[PDB]
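Contents: one structure, followed by commentary.
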Amino acid sequence: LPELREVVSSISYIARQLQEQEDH
Amino acid sequence: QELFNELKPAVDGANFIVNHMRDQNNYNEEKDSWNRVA
Amino acid sequence: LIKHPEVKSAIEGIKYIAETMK
């Protein structure tokens with residue numbers, strides 16, 4: 001299921017970006 | 001089930017996003033309270 | 001399946017974001 005993998009990738013990217021936002 | 005491990009990055013990321021939104025909302029609410037006190 | 005506290009928390013959280021921006 002590549003669609004679920006892409007969903008997981010997008011969610012991981014969003015969480016990572018919010019982590020960098022918190023560090024900043 | 002392998003579905004749980006496959007979706008665990010998504011579940012953890014969603015929980016992190018939810019916590020970030022909730023913390024930001026509480027922060028904004030406190031700032032709004034300070035504005036009203038002023 | 002939904003018995004896990006984390007998926008339940010995630011669903012309720014997504015609804016919380018939607019209500020907050022509404």
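Just so it is clear, the values below take in all heavy atoms, side chains as well, and ignore hydrogens, waters and symmetry mates. Lettering of chains follows the sequences in order, A, B, ..., and the numbering in each one begins at 1.
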Gap separating the [atom1] atom of [X] from the [atom2] atom of [Y], nearest 0.5 angstrom:
X	Y	atom1	atom2	answer
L4(A)	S9(A)	CG	OG	12.5 Å
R22(B)	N25(B)	CZ	CG	8.5 Å
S10(A)	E6(A)	OG	CD	7.0 Å

Counting only pairs under 3.5 Å, give me each side-chain donor-acceptor contact of residues 13-24 of chain A, with atom names and distances, residues two or more places apart or in other chains.
| from | atom 1 | to | atom 2 | distance (Å) |
| --- | --- | --- | --- | --- |
| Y13(A) | OH | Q17(A) | NE2 | 3.3 |
| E22(A) | OE2 | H20(B) | ND1 | 2.9 |

Q) Are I17(C) and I17(B) side-chain neighbours, meaning at least one heavy-atom pair lies under 4.5 Å? A) yes
Q: May I have all residue pairs that pass side-chain hydrogen bond (donor to acceptor under 3.5 Å, both in side chains) and include part of residues 3-17 of chain B, sequence neighbours excluded?
A: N15(B)-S9(C)
Q.
With a 3.5 Å distance limit and no angle check, can you tell me whether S12(A) reaches the backbone of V8(A) through a side-chain donor-acceptor pair?
A. yes
Q.
Counting only heavy atoms from other residues, nucleotides and ligands, does the tally under 6.0 Å from CG of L1(C) exceed 12?
A. no
Q: Give a yes or no on whether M21(C) and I11(A) share a hydrophobic cluster (residues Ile, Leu, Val, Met, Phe, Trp, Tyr; joining criterion: side-chain heavy atoms under 4.5 Å apart).
A: yes
